[PDB]
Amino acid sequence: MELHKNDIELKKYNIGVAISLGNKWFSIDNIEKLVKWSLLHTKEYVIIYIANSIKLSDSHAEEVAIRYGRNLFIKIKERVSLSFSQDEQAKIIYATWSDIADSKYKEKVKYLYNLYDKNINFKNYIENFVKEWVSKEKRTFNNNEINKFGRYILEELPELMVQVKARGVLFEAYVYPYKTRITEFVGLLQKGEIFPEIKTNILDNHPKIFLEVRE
């Protein structure tokens, strides 16, 4: 279980553990290993949160939080309190969607929504983007559902691109077990190599750092 470097071994960064809820890799055991690894490499804090989700709220990430995220967090809490010491546990912050989506975060998301409605190339790209992920599955989805799922990605896009506070705590890096199409996409966005207006409008020369950590 290691980082697939200098700054990390020097513990320059606080580390986020980004949980894709419903992704079969994110068993409690693999989540435990990620939190273990992050505790041993972090500058101070480890921030556990729900990163993606692939009507009781106007926000999909919020609806995910109250339907599934709370129960996941309760299971993580109980496991952590048996696997780690009192002092290690004090390094861990459980960031709900609300802890992350403060007013500054919501302005970025709003910018992306407006761009999704006005720029048809961006709409086409994010949409076709969803169509690939569902292409690897058995179920079908209509274009209206495809479009709904696209908006859900934009809600999570700022957290992947910019360094943001959770409960007042800034985490510069996050761990994830594998590269995904979203991480390559975010890579191009952060460089201004795709949809450069997004970099111009919502990024701030402090890019979120992506740390690939697996067995």
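Quick note: we count residues from 1 along the sequence shown, nothing fancier.
- Task: Enter the number of deposited residues without atomic coordinates between residue 54 and residue 55, binned as none, 1 to 3, 4 to 9, or 10 or more.
- Result: Gap between residue 54 and residue 55: 4 to 9 unmodelled residues.
Q) In this entry, is the chain continuous from residue 4 to residue 5, or are deposited residues missing in between (none, 1 to 3, 4 to 9, 10 or more)? A) 4 to 9 residues are missing.
| task | Return whichever of 14-22 and 203-211 has the greater mean Cα B factor according to the PDB record. | result | Here the higher of the two C-alpha B-factor means belongs to 203-211.
Of 175-183 and 143-151, the stretch whose C-alpha atoms average the higher B-factor in the entry
Taking the mean C-alpha B-factor of 175-183 and of 143-151, the larger value falls to 143-151.
For this session: Pick out which of 167, 67, 60, 36 has the highest C-alpha B-factor in the PDB entry.
Result: Going by the entry's C-alpha B-factors, 167 comes out highest.
Given 111, 133, 73, 122, the residue at which the Cα B factor reaches its maximum = Answer for 111, 133, 73, 122: 133, with the highest C-alpha B-factor.
- For residue 161, return the chain-relative third of its C-alpha B-factor as stated in the PDB record: lowest, middle or highest. According to the entry, residue 161 has a C-alpha B-factor in the chain's middle third.
### Message
Is residue 44 in the lowest, middle or highest third of its chain when residues are ranked by C-alpha B-factor?
### Response
Tercile = highest for this residue's CA B-factor.
Q) Within this chain, which third does the Cα B-factor at residue 90 fall in: lowest, middle or highest? A) Answer is highest: the recorded C-alpha B-factor places it there.
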